[PDB]
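Only one chain comes next, encoded as structure tokens, the form deposited in one PDB entry.
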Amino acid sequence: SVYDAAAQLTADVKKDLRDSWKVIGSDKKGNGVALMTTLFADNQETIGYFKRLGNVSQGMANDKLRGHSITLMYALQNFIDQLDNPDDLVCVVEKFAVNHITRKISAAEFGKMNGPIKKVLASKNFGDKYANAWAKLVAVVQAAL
């Protein structure tokens, strides 16, 4: 199942993922926080899953939110680093899904991250072509939920 989704990661898709990550991943704190705050802005209901982070309206200044945001970026770093070996990509994605499954986060709920990603890519001038590539990566994770 996850393997089949991974099959959509064509040579061109992996190339766009790597090229865009080279920029996005260069500022994990800044972009990580941008993703989370955008998610909360566009889909307020997702805040229900982050009660532990406290006052998320504080953004970057909120230590717990900042800690979560930076950490989230290292999961993507992990995924990006395993793109050339489907076997490693798959085992890393299934390992990542475990805690999210426990939190009862469905594939549909997880898919809400596509908008924030598209918006962050755009802020760095990466168009639809790149947003589509990332949608495919998110789809691999969705296959594991």
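Sequential numbering from 1, following the sequence displayed.
A summary of the deposited B-factors shows that, of 135 to 143 and 2 to 10, the stretch with the larger mean C-alpha value is 2 to 10. As listed in the deposited structure, the average C-alpha B-factor of 20 to 28 and of 121 to 129 is greater for 121 to 129. The maximum CA B-factor among the listed residues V33, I105, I47, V93, taken from the PDB record, is found at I105. Highest C-alpha temperature factor among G59, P86, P116, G67 per the entry: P86. In the deposited entry, the Cα temperature factor of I80 sits in the bottom third of values across the chain's modelled residues. Annotation for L39: CA B-factor lies in the lowest third of the chain's modelled residues.
Quick note: we don't show the form deposited with a small molecule bound, though the next part is all about it.
Within 4.5 Å of some heavy atom of the small molecule in the bound PDB entry lies at least one heavy atom of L76. The closest non-hydrogen atom of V56 lies beyond 4.5 Å of the small molecule in the bound PDB entry. Using a 4.5 angstroms threshold between heavy atoms, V120 counts as touching the small molecule in the bound PDB entry. Among residues of the shown chain, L35 is one whose heavy atoms approach the small molecule to within 4.5 Å in the bound PDB entry.
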